[PDB]
Amino acid sequence: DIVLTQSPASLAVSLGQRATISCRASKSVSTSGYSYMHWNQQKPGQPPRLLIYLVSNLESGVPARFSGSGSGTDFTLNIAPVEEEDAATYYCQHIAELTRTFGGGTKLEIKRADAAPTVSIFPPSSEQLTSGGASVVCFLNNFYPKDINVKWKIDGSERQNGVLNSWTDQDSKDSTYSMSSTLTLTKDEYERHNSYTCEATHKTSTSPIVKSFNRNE
Amino acid sequence: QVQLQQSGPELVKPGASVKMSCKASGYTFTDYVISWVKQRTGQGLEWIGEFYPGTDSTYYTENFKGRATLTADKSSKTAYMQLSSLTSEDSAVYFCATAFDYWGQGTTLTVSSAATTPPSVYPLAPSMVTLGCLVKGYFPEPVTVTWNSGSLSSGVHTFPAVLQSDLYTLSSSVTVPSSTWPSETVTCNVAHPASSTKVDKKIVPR
Amino acid sequence: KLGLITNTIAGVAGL
């Protein structure tokens with residue numbers, strides 16, 4: 001198939017700024033006639049909506065704010081300037097060749113000052129232990145930018161088996177990001193160890209934010 | 001105006017098949033190709049194929065060449081997509097679109113062998129203070145989590161559910177002034193309408 | 001046939 005590569009994978013911008021998204025074709029996307037490069041706009045939970053078709057054509061309803069350019073294999077979506085309702089994920093797509101394919105998408109997000117994650121760890125709840133399982137929860141809240149790493153340690157040594165993770169989209173209030181990490185074990189192997197640690201490394205600090213606890217205390 | 005009414009959410013088990021629907025409104029059925037795009041939660045968009053009601057002409061991508069079956073009833077201006085021999089990896093949202101011009105809300109398909117399972121709610125007990133609670137081992141989605149019945153809205157953080165052995169599991173955190181706790185009551189409210197279950201869990205110090 | 005809306009497609013995929 002023809003590969004449509006779309007950059008950036010994520011575009012931090014400030015309300016008011018202009019925004020240029022890029023889409024590059026694997027081969028010239030001109031049919032005998034027009035060029036079937038299209039830009040779509042999709043928000044969380046909703047279907048995508050058409051903004052631009054045939055490279056530069058504004059779909060009915062979309063404001064002059066949006067603009068399309070490019071030719072052959074190089075295309076550009078231009079948002080001048082950016083609004084609240086513009087914040088979301090943008091896709092390009094080709095229809096000249098076939099099969100018809102889409103770009104990986106671009107995440108349009110708000111720019112803000114960097115923020116330090118608030119790490120919080122929690123031992124298996126009393127209620128869960130008497131049930132049979134044991135989950136240790138590590139909360140990484142309100143940090144920026146979104147990129148971050150999680151590292152579970154048990155009694156010193158690293159644990160990666162049984163660690164699940166879940167992230168949140170950019171907060172609509174303070175534009176920060178957050179994630180959760182749950183280390184799941186059995187009651188038996190859980191009460192077999194003492195030191196339970198999680199290290200959140202972020203660009204903010206060169207020293208990994210470390211929250212730990214002992215079952216002894 | 002163009003309008004696409006897609007069948008509701010579908011829950012079926014592996015090895016089976018589904019027939020999703022897409023009812024076209026606002027236009028001459030035979031003017032618009034019907035496109036079928038797949039989007040696996042959090043992932044990108046994948047073109048599956050298309051059914052053109054004008055000549056019943058169809059196209060299948062390699063990955064759905066055997067499984068899928070695109071159809072349409074010009075009588076009720078509705079187009080169907082049938083996917084056969086389903087697997088867990090077929091679990092995604094399936095849009096039908098009037099040739100990429102307009103897209104239906106889509107149909108979330110959940111292929112699984114799991115039976116309705118009520119979640120277990122556990123409290124996460126410990127200048128601000130951060131509390132939370134784990135909602136483990138439920139099926140199917142979704143689940144509801146509020147704090148103080150919704151009174152606490154600023155500072156809350158509900159994380160997407162993960163899938164662990166058929167059963168979904170999510171958590172949720174809330175951060176309140178350490179002065180107002182445990183001085184003041186803080187309780188998370190959990191709801192799983194599928195199993196018709198509801199659980200309130202007051203967060204108390206260790 | 002004939003009447004076919006070609007905003008984001010060129011034609012049917014079936015050939």
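Criteria and cut-off values
- Residues numbered from 1 in each chain as written, not as in the entry; some residues may be left out.
- Chains lettered and ligands numbered in written order.
- Heavy atoms only, no water.
- 1 Å grid on protein atoms, 1.4 Å probe; cavity = no way out; pocket = protein on both sides within 12 Å on 5 of 7 lines; lining within 4 Å.
- Points joined across faces, edges and corners; volume = space filled by probe spheres on them.
- Helix = DSSP H or I, 4+ residues; strand = E, 2+ residues; numbered from the N terminus.
- Nonpolar A, V, L, I, M, F, W, Y, C, P; charged D, E, K, R; others polar.
- Salt bridge = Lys/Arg side-chain N within 4 Å of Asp/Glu carboxyl O.
- Buried < 20%, exposed > 50% of the residue type's maximum accessible area, 1.4 Å probe, protein only.
- Disulfide = S-S within 2.5 Å.
- Domains from an automatic or database assignment.
- Contact = heavy atoms within 4.5 Å.
- Buried area = accessible area lost by both parts, 1.4 Å probe.
- Polar contact = N/O pair within 3.5 Å; in protein donor to acceptor, adjacent residues only side chain to side chain.
- Pairing = 2+ DSSP bridges.
- Axes fitted to C-alpha atoms, helices over the stretch in contact; angles between N-to-C directions.

In the nomenclature of the PDB entry, chain B corresponds to HEAVY CHAIN from the organism Mus musculus. The deposited PDB record carries the title "Structure of an Ebolavirus-protective antibody in complex with its mucin-domain linear epitope".

The name that the PDB entry assigns to chain A is LIGHT CHAIN, with the source organism given as Mus musculus.

A.B. asks: Tell me what's going on with the layout of surface pockets, and back it up with residues and numbers.
C.D. replies: In this structure, the second largest pocket encloses a volume near 550 Å³. In this structure, the second largest pocket is lined by 24 residues; those nearest its centre are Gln41, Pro48, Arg49, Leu50 and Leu51 of chain A. Listing elements by their share of the lining of the second largest pocket, those giving two or more residues are β5 (48-53) of chain A together with β1 (3-6) of chain B. Looking at which element gives the most residues to the lining of the second largest pocket, the answer is β5 of chain A, with four residues. Looking at the lining of the second largest pocket, its residues break down into 11 nonpolar, six polar and seven charged.

A.B. asks: Provide a residue-level description of the pattern of salt bridges, including the pertinent values.
C.D. replies: Taken as a whole, this structure holds 15 salt bridges over all chains when the rule is applied. Linking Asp169 of chain A and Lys107 of chain A is a salt bridge whose minimum nitrogen-to-oxygen distance equals 3.9 Å. Taken together, the positions of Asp169 of chain A in the loop between β15 (163-167) and β16 (177-186) and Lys107 of chain A in strand β10 (residues 106-110) put the pair 62 residues apart, joining distant regions of the chain. The class of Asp169 of chain A is exposed, set by a relative accessible area of 52%. Residues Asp56 of chain B and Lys74 of chain B are paired through a salt bridge, measuring 3.1 Å at the closest nitrogen-oxygen approach. In this pair, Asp56 of chain B sits in the loop between β5 (46-52) and β6 (57-60) while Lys74 of chain B sits in the loop between β7 (69-73) and β8 (78-83), placing the two residues 18 residues apart along the sequence. A relative accessible area of 40% places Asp56 of chain B in the partly exposed class.

A.B. asks: Which residues make up the state of the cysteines, and what values go with them?
C.D. replies: All names here are of chain A. Per the counting criterion, the structure on display carries four disulfides over all chains. In this model, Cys23 is linked to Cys92 through a disulfide, with the two sulfur atoms separated by 2.0 Å. For the disulfide bridge between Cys23 and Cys92, the dihedral angle about the S-S bond is near 65 degrees, and by the sign convention the bridge is right-handed. With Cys23 in strand β3 (residues 19-24) and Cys92 in strand β9 (residues 89-94), this pair connects stretches of sequence that are 69 residues apart. The exposure class assigned to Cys92 is buried, which follows from its relative accessible area of 0%. A disulfide bridge connects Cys138 with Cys198, and the sulfur atoms are separated by 2.0 Å. Its torsion about the S-S bond being 75 degrees, the disulfide of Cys138 and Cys198 is classed as right-handed. In this pair, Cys138 is assigned in strand β12 (residues 133-143) and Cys198 in strand β17 (residues 195-201), connecting sequence segments 60 residues apart. Just as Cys138 is buried, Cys198 falls in that class too. Numbered by order of appearance in the sequence, the disulfide-linked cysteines of chain A pair as 1-2, 3-4.

A.B. asks: Go over the domain arrangement of chain B, please, and point to the residues and values.
C.D. replies: Residues and elements named next belong to chain B. Entries for chain B in the domain assignment read domain 1 (1-114) and domain 2 (115-206). Here domain 1 and domain 2 have C-alpha centroids that lie 35 Å from each other. On the side of domain 2, five residues touch domain 1, which itself brings five residues to the contact. Summed over both sides, the interface of domain 1 with domain 2 buries roughly 390 Å², with 67% coming from carbon and sulfur. Along the contact surface separating domain 1 from domain 2 lie zero salt bridges. Our count for the domain 1 to domain 2 interface comes out at zero residue pairs in polar contact.

A.B. asks: Help me get a handle on the interface of chain B and chain A, residues and values and all.
C.D. replies: The partner chain A presents 38 residues to the 38 residues of chain B that form the contact. Summed over both sides, the interface between chain B and chain A buries roughly 3,000 Å², with carbon and sulfur atoms accounting for 64% of that surface. Contact with chain A buries surface across chain B, with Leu45, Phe100 and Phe159 of chain B losing the most and accounting together for 20% of the total. As a salt-bridge pair, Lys201 of chain B and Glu127 of chain A come within 3.2 Å of each other at their nearest N and O atoms. Our count for the chain B to chain A interface comes out at 10 residue pairs in polar contact. At five residues, the largest contribution of residues to the side of chain B that touches chain A is made by strand β12 (residues 128-138) of chain B.

A.B. asks: Describe the sheet that holds β6 of chain B, listing the residues and the values that go with them.
C.D. replies: Residues and elements named next belong to chain B. Spatially, β2-β10-β9-β4-β5-β6 is the arrangement adopted by the six strands of the open sheet, whose pairing is mixed. The two strands at the open ends of the sheet, each matched to only one other strand, are β2 (10-12) and β6. Between one strand axis and the next, the sheet turns through 20 degrees on average, direction left out of account. In this sheet, strand β10 (residues 107-111) lies alongside β2 in parallel orientation, the contact comprising three bridges. Within β10, the residue paired with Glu10 across the bridge is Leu109.

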